[PDB]
>>> print(open('upload08.cif').read())   # mmCIF, C-alpha atoms
data_upload
loop_
_atom_site.label_atom_id
_atom_site.label_comp_id
_atom_site.auth_asym_id
_atom_site.auth_seq_id
_atom_site.Cartn_x
_atom_site.Cartn_y
_atom_site.Cartn_z
CA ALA A 1 -151.46 -80.61 -14.02
CA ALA A 2 -150.25 -78.23 -11.31
CA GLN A 3 -148.45 -79.07 -8.07
CA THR A 4 -148.63 -76.11 -5.71
CA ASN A 5 -145.84 -75.31 -3.24
CA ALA A 6 -143.48 -77.54 -5.18
CA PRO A 7 -139.72 -77.65 -4.58
CA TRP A 8 -138.15 -74.73 -6.40
CA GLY A 9 -136.35 -76.99 -8.88
CA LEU A 10 -139.55 -78.62 -10.10
CA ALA A 11 -141.15 -75.20 -10.50
CA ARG A 12 -138.03 -74.02 -12.32
CA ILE A 13 -138.06 -76.80 -14.90
CA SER A 14 -141.61 -75.87 -15.95
CA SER A 15 -141.09 -72.10 -16.00
CA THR A 16 -139.62 -69.45 -18.27
CA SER A 17 -138.71 -67.45 -15.13
CA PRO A 18 -137.15 -68.10 -11.72
CA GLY A 19 -139.04 -67.24 -8.56
CA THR A 20 -142.23 -69.31 -8.88
CA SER A 21 -143.33 -72.28 -6.79
CA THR A 22 -145.88 -74.28 -8.83
CA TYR A 23 -144.74 -77.20 -10.99
CA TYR A 24 -146.76 -77.67 -14.21
CA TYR A 25 -146.61 -80.90 -16.19
CA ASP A 26 -148.62 -83.22 -18.38
CA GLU A 27 -150.53 -85.77 -16.31
CA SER A 28 -148.96 -88.67 -18.23
CA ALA A 29 -146.09 -87.99 -15.79
CA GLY A 30 -143.61 -90.47 -17.24
CA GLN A 31 -146.02 -93.42 -17.06
CA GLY A 32 -144.65 -96.33 -19.06
CA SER A 33 -141.03 -95.19 -18.84
CA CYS A 34 -138.32 -96.54 -16.56
CA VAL A 35 -135.46 -94.75 -14.82
CA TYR A 36 -132.48 -96.59 -13.36
CA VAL A 37 -130.82 -94.81 -10.45
CA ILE A 38 -127.24 -96.09 -10.27
CA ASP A 39 -126.15 -94.99 -6.83
CA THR A 40 -126.17 -95.99 -3.13
CA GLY A 41 -129.55 -97.71 -3.52
CA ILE A 42 -133.15 -96.59 -3.02
CA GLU A 43 -135.35 -96.92 0.07
CA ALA A 44 -138.17 -98.38 -2.00
CA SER A 45 -140.51 -98.57 1.03
CA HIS A 46 -140.60 -94.75 1.30
CA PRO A 47 -144.28 -93.70 0.95
CA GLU A 48 -143.18 -91.10 -1.59
CA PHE A 49 -142.40 -93.85 -4.12
CA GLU A 50 -145.90 -95.38 -4.01
CA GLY A 51 -144.72 -98.89 -4.88
CA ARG A 52 -143.08 -97.67 -8.11
CA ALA A 53 -139.49 -98.14 -6.88
CA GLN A 54 -137.59 -101.37 -6.50
CA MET A 55 -134.01 -102.47 -6.08
CA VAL A 56 -132.85 -104.70 -8.93
CA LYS A 57 -129.12 -105.12 -8.25
CA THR A 58 -126.46 -104.60 -5.60
CA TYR A 59 -122.74 -105.33 -5.44
CA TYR A 60 -122.64 -105.24 -1.61
CA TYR A 61 -124.04 -107.19 1.34
CA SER A 62 -127.36 -105.34 1.07
CA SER A 63 -129.41 -103.58 -1.58
CA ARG A 64 -130.71 -101.12 1.03
CA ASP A 65 -129.66 -97.48 0.87
CA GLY A 66 -127.67 -96.96 4.09
CA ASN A 67 -126.55 -93.49 2.96
CA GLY A 68 -129.51 -91.49 1.61
CA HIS A 69 -127.87 -90.10 -1.54
CA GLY A 70 -129.48 -92.61 -3.92
CA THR A 71 -132.88 -92.23 -2.26
CA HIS A 72 -132.61 -88.44 -2.63
CA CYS A 73 -131.72 -88.69 -6.34
CA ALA A 74 -134.50 -91.23 -6.98
CA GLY A 75 -136.95 -88.90 -5.25
CA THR A 76 -136.03 -86.09 -7.63
CA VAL A 77 -136.57 -88.43 -10.60
CA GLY A 78 -139.94 -89.77 -9.61
CA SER A 79 -141.29 -89.37 -6.08
CA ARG A 80 -144.88 -88.15 -5.82
CA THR A 81 -143.99 -84.82 -4.17
CA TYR A 82 -140.33 -84.26 -5.04
CA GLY A 83 -140.12 -85.86 -8.50
CA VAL A 84 -140.16 -84.66 -12.09
CA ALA A 85 -141.74 -87.83 -13.54
CA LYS A 86 -144.26 -88.76 -10.90
CA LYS A 87 -145.50 -91.97 -12.56
CA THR A 88 -142.24 -93.47 -13.86
CA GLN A 89 -140.90 -96.82 -12.70
CA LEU A 90 -137.68 -96.51 -10.64
CA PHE A 91 -135.03 -99.25 -10.58
CA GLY A 92 -132.17 -99.07 -8.10
CA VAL A 93 -128.68 -100.38 -8.88
CA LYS A 94 -126.40 -100.12 -5.84
CA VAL A 95 -122.89 -99.50 -7.16
CA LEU A 96 -121.89 -97.23 -4.25
CA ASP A 97 -121.44 -98.38 -0.67
CA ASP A 98 -123.16 -96.76 2.30
CA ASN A 99 -120.29 -94.24 2.57
CA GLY A 100 -121.07 -93.12 -0.98
CA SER A 101 -117.94 -94.71 -2.50
CA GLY A 102 -117.48 -97.29 -5.22
CA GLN A 103 -114.75 -98.78 -7.33
CA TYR A 104 -114.78 -97.95 -11.03
CA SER A 105 -114.92 -101.67 -11.85
CA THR A 106 -118.18 -101.97 -9.89
CA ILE A 107 -119.59 -98.82 -11.48
CA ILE A 108 -118.75 -100.16 -14.95
CA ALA A 109 -120.42 -103.49 -14.14
CA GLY A 110 -123.52 -101.61 -13.00
CA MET A 111 -123.76 -99.70 -16.28
CA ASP A 112 -123.44 -102.85 -18.34
CA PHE A 113 -126.01 -104.45 -16.03
CA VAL A 114 -128.56 -101.74 -16.89
CA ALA A 115 -127.88 -102.09 -20.62
CA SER A 116 -128.91 -105.76 -20.36
CA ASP A 117 -131.42 -105.55 -17.52
CA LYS A 118 -133.75 -103.18 -19.39
CA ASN A 119 -134.61 -106.22 -21.53
CA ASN A 120 -136.13 -107.78 -18.38
CA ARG A 121 -138.39 -104.80 -17.67
CA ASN A 122 -141.51 -103.27 -19.23
CA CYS A 123 -140.61 -99.76 -20.40
CA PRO A 124 -142.68 -99.18 -23.56
CA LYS A 125 -142.05 -95.42 -23.44
CA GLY A 126 -138.28 -95.75 -23.02
CA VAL A 127 -135.43 -96.16 -20.55
CA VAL A 128 -133.28 -93.59 -18.72
CA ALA A 129 -130.29 -93.98 -16.40
CA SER A 130 -129.30 -91.37 -13.82
CA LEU A 131 -125.64 -91.42 -12.69
CA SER A 132 -125.03 -88.98 -9.83
CA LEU A 133 -121.45 -90.14 -9.40
CA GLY A 134 -117.98 -89.75 -10.81
CA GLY A 135 -114.28 -89.44 -10.25
CA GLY A 136 -111.14 -88.71 -12.22
CA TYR A 137 -110.89 -89.31 -15.95
CA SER A 138 -111.13 -92.95 -17.03
CA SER A 139 -111.53 -94.07 -20.64
CA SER A 140 -113.04 -97.36 -19.42
CA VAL A 141 -115.69 -95.57 -17.35
CA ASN A 142 -116.53 -93.29 -20.29
CA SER A 143 -116.74 -96.30 -22.61
CA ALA A 144 -119.16 -98.02 -20.25
CA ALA A 145 -121.35 -94.92 -20.22
CA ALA A 146 -121.14 -94.79 -24.02
CA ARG A 147 -122.21 -98.45 -24.30
CA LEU A 148 -125.18 -97.90 -21.99
CA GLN A 149 -126.29 -94.94 -24.12
CA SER A 150 -125.70 -96.86 -27.37
CA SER A 151 -127.87 -99.72 -26.08
CA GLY A 152 -130.92 -97.44 -26.06
CA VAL A 153 -130.81 -95.80 -22.62
CA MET A 154 -130.88 -92.03 -22.09
CA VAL A 155 -127.79 -91.59 -19.88
CA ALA A 156 -127.65 -88.51 -17.66
CA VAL A 157 -124.47 -87.99 -15.61
CA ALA A 158 -123.38 -85.41 -13.05
CA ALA A 159 -120.79 -82.88 -14.18
CA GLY A 160 -119.08 -83.02 -10.79
CA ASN A 161 -118.68 -80.64 -7.85
CA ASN A 162 -115.10 -79.36 -8.22
CA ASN A 163 -115.80 -75.92 -9.78
CA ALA A 164 -113.52 -77.16 -12.55
CA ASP A 165 -113.62 -78.27 -16.17
CA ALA A 166 -115.58 -81.54 -16.39
CA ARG A 167 -113.26 -82.80 -19.16
CA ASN A 168 -111.10 -84.24 -16.34
CA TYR A 169 -113.87 -86.32 -14.74
CA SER A 170 -115.72 -89.50 -15.67
CA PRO A 171 -118.31 -90.32 -16.78
CA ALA A 172 -118.87 -86.53 -17.00
CA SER A 173 -116.37 -86.23 -19.88
CA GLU A 174 -117.99 -88.86 -22.14
CA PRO A 175 -119.29 -86.91 -25.17
CA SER A 176 -122.18 -89.25 -26.05
CA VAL A 177 -124.03 -89.01 -22.71
CA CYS A 178 -125.88 -86.04 -21.21
CA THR A 179 -123.60 -84.20 -18.76
CA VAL A 180 -125.49 -82.06 -16.26
CA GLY A 181 -124.30 -78.96 -14.40
CA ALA A 182 -126.06 -77.37 -11.43
CA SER A 183 -127.82 -74.02 -10.93
CA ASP A 184 -129.49 -72.28 -7.99
CA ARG A 185 -132.90 -70.73 -7.42
CA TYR A 186 -131.67 -67.32 -8.65
CA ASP A 187 -130.45 -68.79 -11.96
CA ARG A 188 -126.77 -68.63 -10.95
CA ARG A 189 -124.34 -71.41 -11.72
CA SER A 190 -124.03 -73.35 -8.48
CA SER A 191 -120.82 -72.43 -6.67
CA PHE A 192 -119.47 -76.00 -6.84
CA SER A 193 -120.68 -76.95 -10.32
CA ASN A 194 -118.19 -78.14 -12.87
CA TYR A 195 -118.29 -76.47 -16.27
CA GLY A 196 -116.75 -76.83 -19.71
CA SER A 197 -117.57 -77.75 -23.28
CA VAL A 198 -118.53 -81.30 -22.25
CA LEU A 199 -121.61 -80.05 -20.38
CA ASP A 200 -124.87 -80.42 -22.27
CA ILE A 201 -127.37 -78.84 -19.87
CA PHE A 202 -127.90 -77.34 -16.41
CA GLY A 203 -130.52 -78.39 -13.92
CA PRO A 204 -131.51 -77.28 -10.41
CA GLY A 205 -128.78 -78.38 -7.99
CA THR A 206 -128.55 -76.02 -4.99
CA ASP A 207 -130.86 -76.60 -2.00
CA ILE A 208 -132.93 -79.42 -3.50
CA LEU A 209 -135.59 -80.96 -1.24
CA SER A 210 -136.19 -84.67 -1.82
CA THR A 211 -136.69 -88.03 -0.10
CA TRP A 212 -134.21 -89.45 2.41
CA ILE A 213 -133.79 -92.73 4.24
CA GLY A 214 -135.83 -93.45 7.32
CA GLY A 215 -138.91 -92.31 5.42
CA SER A 216 -137.73 -88.70 5.74
CA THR A 217 -136.85 -85.73 3.52
CA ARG A 218 -134.03 -83.22 3.37
CA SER A 219 -132.52 -80.48 1.23
CA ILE A 220 -128.98 -81.01 -0.12
CA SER A 221 -126.89 -79.63 -2.98
CA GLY A 222 -124.81 -80.98 -5.84
CA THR A 223 -124.60 -81.85 -9.48
CA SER A 224 -125.92 -85.14 -8.07
CA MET A 225 -129.22 -83.26 -7.55
CA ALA A 226 -129.30 -81.62 -10.97
CA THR A 227 -128.75 -84.91 -12.82
CA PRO A 228 -132.03 -86.58 -11.73
CA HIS A 229 -134.00 -83.47 -12.74
CA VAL A 230 -132.71 -84.06 -16.28
CA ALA A 231 -133.21 -87.84 -16.07
CA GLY A 232 -136.80 -87.41 -14.90
CA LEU A 233 -137.36 -84.78 -17.57
CA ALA A 234 -136.13 -87.19 -20.25
CA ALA A 235 -138.49 -89.93 -19.02
CA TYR A 236 -141.37 -87.45 -19.00
CA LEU A 237 -140.63 -86.27 -22.55
CA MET A 238 -140.21 -89.83 -23.83
CA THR A 239 -143.60 -90.77 -22.36
CA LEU A 240 -145.07 -87.81 -24.27
CA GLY A 241 -143.50 -89.20 -27.45
CA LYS A 242 -141.54 -85.99 -28.07
CA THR A 243 -138.11 -87.64 -28.12
CA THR A 244 -136.24 -90.93 -27.75
CA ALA A 245 -133.40 -92.23 -25.59
CA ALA A 246 -130.91 -91.52 -28.38
CA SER A 247 -132.12 -87.97 -29.01
CA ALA A 248 -133.40 -86.77 -25.62
CA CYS A 249 -130.26 -84.93 -24.49
CA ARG A 250 -130.22 -83.00 -27.77
CA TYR A 251 -133.96 -82.33 -27.53
CA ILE A 252 -133.61 -81.03 -23.96
CA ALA A 253 -130.81 -78.72 -25.13
CA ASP A 254 -132.92 -77.63 -28.14
CA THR A 255 -135.88 -76.76 -25.91
CA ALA A 256 -133.96 -75.37 -22.90
CA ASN A 257 -134.21 -71.89 -21.47
CA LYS A 258 -131.25 -70.16 -23.14
CA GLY A 259 -128.97 -67.44 -21.87
CA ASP A 260 -130.68 -67.10 -18.48
CA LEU A 261 -127.95 -68.36 -16.10
CA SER A 262 -125.27 -66.16 -14.55
CA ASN A 263 -121.59 -67.03 -14.01
CA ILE A 264 -121.49 -69.44 -16.94
CA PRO A 265 -117.84 -69.49 -18.13
CA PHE A 266 -117.17 -68.58 -21.73
CA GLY A 267 -117.39 -71.79 -23.75
CA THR A 268 -119.91 -73.57 -21.48
CA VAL A 269 -123.52 -73.84 -22.67
CA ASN A 270 -126.00 -71.47 -21.03
CA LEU A 271 -128.96 -73.85 -21.18
CA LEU A 272 -131.38 -74.67 -18.36
CA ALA A 273 -133.61 -77.74 -18.59
CA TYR A 274 -137.23 -76.85 -19.35
CA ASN A 275 -140.26 -79.03 -20.02
CA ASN A 276 -142.02 -76.53 -22.33
CA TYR A 277 -145.36 -77.62 -20.87
CA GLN A 278 -148.26 -75.39 -21.88
CA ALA A 279 -151.23 -75.96 -19.56
#
>>> encode(input="upload08.cif", output="structure tokens")
Amino acid sequence: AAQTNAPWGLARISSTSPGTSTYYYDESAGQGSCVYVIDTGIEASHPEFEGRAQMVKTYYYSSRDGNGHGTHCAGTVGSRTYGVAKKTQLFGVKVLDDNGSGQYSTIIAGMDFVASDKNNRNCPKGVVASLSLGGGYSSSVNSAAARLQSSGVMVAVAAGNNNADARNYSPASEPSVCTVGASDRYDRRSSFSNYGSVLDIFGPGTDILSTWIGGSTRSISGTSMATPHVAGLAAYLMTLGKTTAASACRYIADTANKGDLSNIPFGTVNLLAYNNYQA
């Protein structure tokens, strides 16, 4: 299938070259997979989600996204126009308040929630979790991310936006999850993207158009935007049967576009997520 005039990041993940604007992907489109978006919530009523999004958990007075960040990330995972995996099921877990902040204890509870809650959902093709959040290093936060991954969920986490080594941030520094840096439309490392040996992959993260609250859309930047590209890609590849939750990060690295990004520091992988779809 071909989506013309797609956001540049979707086009990028299905291309061997920058500078194109059509997204190509197998029509299975992540059907039968599930992606948890652990964030500020999701505006599930947005027409772009087509009834495929729902809130399943909140730690605050509402499950609604009063910020937009979680809705934007969920849109990149699986909205009809802005999403990688256009037929996946989206589950929102609101661990961040409407200012975008959350305590590590709440974030940890949300990860352990997903590890259990997947057993209450129908995800025959597999389960992914997208974590566009983080703070300073915490062994407990990393351990929670490691448990979620161990339980059979493909965990994708943002590297962080400090232009620094991600080893000092969590859950970015957890080795067993998929840590995602950000690139721009000219295949340059995004100016803010963290780097380091803990990164597994880069995805599109600068000037990413997606859904927003109030039934709207907007373009914003961050490793928070790159992460859901990788999460949606994992769901898509799992639906195709090409990989599993436990192996999808490695498979994405195996099949990535290699050596094509500029300003990658020595010792950081030069790997850009790629769906290897042949139409």
>>> resolve_selection(input="upload08.cif", expression="the PyMOL selection byres ((chain A and resi 231) around 9)", output="number ranges by chain")
A: 35, 77, 84-85, 128-130, 154-157, 226-230, 232-236
>>> residues_around(input="upload08.cif", residues="range 1-13 of chain A", least_positions_apart="6", cutoff="8 Å", atoms="all atoms listed in the file", output="PyMOL selection string")
chain A and resi 19-27+81-84+185+203-205+208-209+229+272-275+279
>>> residues_around(input="upload08.cif", residues="range 91-94 of chain A", least_positions_apart="5", cutoff="7 Å", atoms="only C-alpha atoms", output="list in words")
residues 35, 36, 37, 38, 39, 40, 41, 42, 53, 54, 55, 56, 57, 58, 59, 63 and 110 of chain A
>>> resolve_selection(input="upload08.cif", expression="the PyMOL selection byres ((chain A and resi 102) around 12)", output="list in words")
residues 38, 39, 40, 58, 59, 60, 94, 95, 96, 97, 98, 99, 100, 101, 103, 104, 105, 106, 107, 108, 109, 110, 133, 134 and 135 of chain A
>>> closest_residue(input="upload08.cif", among="A:147, A:242, A:125, A:86", to="residue 112 in chain A", atoms="all atoms listed in the file")
A:147
>>> residues_around(input="upload08.cif", residues="residue 195 in chain A", least_positions_apart="3", cutoff="12 Å", atoms="only C-alpha atoms", output="VMD selection string")
chain A and resid 158 to 169 172 to 173 179 to 183 189 to 192 198 to 202 223 263 to 270
>>> closest_residue(input="upload08.cif", among="A:120, A:89, A:170, A:71", to="residue 137 in chain A", atoms="only C-alpha atoms")
A:170
>>> axis_aligned_box(input="upload08.cif", around="range 17-27 of chain A", padding_each_side="3 Å", output="JSON")
{"center_x": -143.8, "center_y": -76.5, "center_z": -12.6, "size_x": 19.4, "size_y": 24.5, "size_z": 17.6}
>>> closest_residue(input="upload08.cif", among="A:219, A:239, A:276, A:116", to="residue 88 in chain A", atoms="all atoms listed in the file")
A:239
>>> residues_around(input="upload08.cif", residues="residue 143 in chain A", least_positions_apart="5", cutoff="10 Å", atoms="only C-alpha atoms", output="PyMOL selection string")
chain A and resi 108+138+148-149+170-171+174+176
>>> atom_distance(input="upload08.cif", atom1="CA of residue 28 in chain A", atom2="CA of residue 117 in chain A")
24.4 Å
>>> closest_residue(input="upload08.cif", among="A:255, A:150, A:243, A:139", to="residue 114 in chain A", atoms="only C-alpha atoms")
A:150
>>> resolve_selection(input="upload08.cif", expression="the PyMOL selection byres ((chain A and resi 49) around 9)", output="PyMOL selection string")
chain A and resi 43-48+50-53+74-75+78-80+86+90
>>> atom_distance(input="upload08.cif", atom1="CA of residue 151 in chain A", atom2="CA of residue 76 in chain A")
24.3 Å
>>> atom_distance(input="upload08.cif", atom1="CA of residue 256 in chain A", atom2="CA of residue 237 in chain A")
12.8 Å
>>> closest_residue(input="upload08.cif", among="A:127, A:61, A:216, A:141", to="residue 248 in chain A", atoms="only C-alpha atoms")
A:127
>>> decode(input="upload08.cif", residues="range 57-103 of chain A", atoms="C-alpha atoms", output="compact mmCIF listing (two decimals), in the first residue's frame")
# COMPACT_ATOMS: atom_id res chain seq x y z
CA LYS A 57 -5.56 3.18 33.05
CA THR A 58 -4.87 6.51 34.72
CA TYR A 59 -3.22 7.52 37.98
CA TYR A 60 -4.88 10.97 38.04
CA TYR A 61 -8.36 12.46 38.32
CA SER A 62 -8.99 11.88 34.61
CA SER A 63 -7.82 9.54 31.88
CA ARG A 64 -8.18 12.32 29.30
CA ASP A 65 -5.09 13.80 27.67
CA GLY A 66 -5.06 17.42 28.84
CA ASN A 67 -1.60 17.99 27.35
CA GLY A 68 -1.41 16.61 23.80
CA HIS A 69 1.94 14.81 24.07
CA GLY A 70 0.44 11.33 24.51
CA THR A 71 -2.09 11.91 21.73
CA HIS A 72 0.73 13.00 19.42
CA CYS A 73 2.82 9.89 20.20
CA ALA A 74 -0.20 7.59 19.81
CA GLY A 75 -0.93 9.21 16.45
CA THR A 76 2.58 8.37 15.24
CA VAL A 77 2.10 4.75 16.37
CA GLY A 78 -1.24 4.14 14.75
CA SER A 79 -3.42 7.00 13.51
CA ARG A 80 -4.87 6.58 10.02
CA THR A 81 -2.91 9.49 8.49
CA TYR A 82 0.03 10.01 10.84
CA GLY A 83 0.70 6.45 12.02
CA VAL A 84 3.14 3.69 11.15
CA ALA A 85 0.80 0.80 12.06
CA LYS A 86 -2.54 2.05 10.83
CA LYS A 87 -4.61 -0.93 12.02
CA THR A 88 -3.06 -1.63 15.43
CA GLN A 89 -5.01 -1.38 18.68
CA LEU A 90 -3.86 1.52 20.91
CA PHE A 91 -4.12 1.40 24.70
CA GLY A 92 -3.46 4.53 26.75
CA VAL A 93 -1.88 4.43 30.22
CA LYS A 94 -1.77 7.90 31.79
CA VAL A 95 1.33 8.01 33.98
CA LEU A 96 2.06 11.69 33.24
CA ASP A 97 -0.09 14.59 34.39
CA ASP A 98 -1.43 17.27 32.06
CA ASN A 99 1.80 19.26 32.53
CA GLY A 100 3.73 16.28 31.16
CA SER A 101 5.24 15.32 34.54
CA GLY A 102 5.08 12.14 36.56
CA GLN A 103 6.70 10.56 39.57
